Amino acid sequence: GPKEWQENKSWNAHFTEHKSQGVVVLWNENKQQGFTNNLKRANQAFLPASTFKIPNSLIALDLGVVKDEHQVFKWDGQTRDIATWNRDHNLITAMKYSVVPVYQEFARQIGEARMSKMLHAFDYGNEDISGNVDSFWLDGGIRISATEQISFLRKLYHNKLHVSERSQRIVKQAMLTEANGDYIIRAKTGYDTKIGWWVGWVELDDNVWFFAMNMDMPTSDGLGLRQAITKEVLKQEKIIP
């Protein structure tokens, strides 16, 4: 019989070209088949860092902490290192610019009991929120693997998560990253100071490819490699031109 999961080590060339190491995991939805350059690392669990703003957004919307994607979260007046954070935001721009202080406020309003119950209902990673209610995805006990990211994203794509369909549609809107006549990418980046993430999917006319990548990332200087390397794999597999 055919294999659900296949290893393709030729993708390592795209990491080695940049003196880095990592994993790309792809899932072909039509074929129900997955592909990766590193089967073991594909299933190892890491801190989600800013990719947690996908479930955080879903929970905040479903609970009414965030009313809709137009509600304004005012800047608290503290000047931070990332210039795009020093302004008012809504859900769309807070995800686009990965605005930490806005999502810390969401997490505090959600609170520990409801955050834990929702991640259990999502089957999200190891479901463990130990640590600070407003930072556990960066320095606490939650862990998720690349294959677990894909499983979560597939439920989101199909509106199968336990939260309202409305919440799922709003977050999928907020994940929009790039679109043209050839493809649509909905995705979210993350960085925990050691590992960089990019997770999401590529919508084509007749198929959707889910992806989850992480890579060793010692400094923020190489952050654009997250998208660049993933796109090299997508080009090799003839998913995008």
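Residues carry their position along the shown sequence, with the first being 1. Between two forms, the rigid core is the largest collection of C-alphas that superpose within 1.5 Å.
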Core-aligned Cα RMS comparison in 5 other deposited structures of this protein - stretch that moves more, 62-70 or 184-192: 184-192
Higher-B stretch (mean Cα B-factor, as the entry records it), 223-231 or 12-20: 12-20
183-191 versus 211-219 - greater average Cα B-factor per the deposited record: 211-219
Residue with maximal Cα B-factor (values as given in the PDB entry) among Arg80, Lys117, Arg154, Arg169: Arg80
Assigned third (lowest, middle, highest) for the C-alpha B factor of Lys96: lowest
Chain-wide C-alpha B factor ranking for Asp134, given as lowest, middle or highest third: lowest
Entry-reported Cα temperature factor of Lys31, expressed as the chain third it lands in: highest
Assigned third (lowest, middle, highest) for the C-alpha B factor of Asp68: middle
Chain thirds of CA B-factor: placement of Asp205: highest
